[PDB]
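Just one chain follows, in the form deposited without the DNA, and it is written as C-alpha cells.
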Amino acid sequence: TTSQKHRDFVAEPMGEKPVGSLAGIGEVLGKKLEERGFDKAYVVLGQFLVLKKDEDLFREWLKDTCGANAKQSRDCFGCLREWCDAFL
C-alpha cells in the first residue's frame, strides 16, 4: 500500500521540490533534514544514490540524520526507489 503523497512524487520529475514532498517526510523530519543541508528532495536522492540505493544503509542514514522511524524511512526509501525506476 502507498500514500497519495508517494504516488504524486513518483509520477513526475522532482525538480526543486522541497524535501517535504518525499513520502514519509513530514514537517518534523523535513525541518531536521533542512537544518543539516538536505533542503530539497534531490539532495536526499543524492544520498540514496551515493549509497548505491542500499535499503538498509539509506534507511539507517535517514534515522541517524533526522530521527525517522521505521515507517517513515520505509516510505521515503520506497518513493525514491520507485522514482528512480521511472526516471533515472
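Throughout, we count residues from 1 along the sequence that is shown.
According to the PDB record, 66 to 74 carries the higher mean C-alpha B-factor of the two stretches 66 to 74 and 17 to 25. Of the two stretches examined, 43 to 51 and 26 to 34, the record assigns the greater average C-alpha temperature factor to 26 to 34.
Unshown form deposited with the DNA bound; subsequent notes refer to it.
Not displayed here, the DNA is kept clear of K53 by more than 4.5 Å at the level of heavy atoms in the deposited complex. Contact check for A70: a non-hydrogen atom falls within 4.5 Å of the DNA in the deposited complex.
Proximity of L80 to the DNA in the deposited complex falls outside the 4.5 Å heavy atom cutoff. In the deposited complex, at least one heavy atom of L29 sits within 4.5 Å of a heavy atom of the DNA. In this stretch, 41 to 59, not one residue has a heavy atom within 4.5 Å of the DNA in the deposited complex; the partner itself is omitted from this view.
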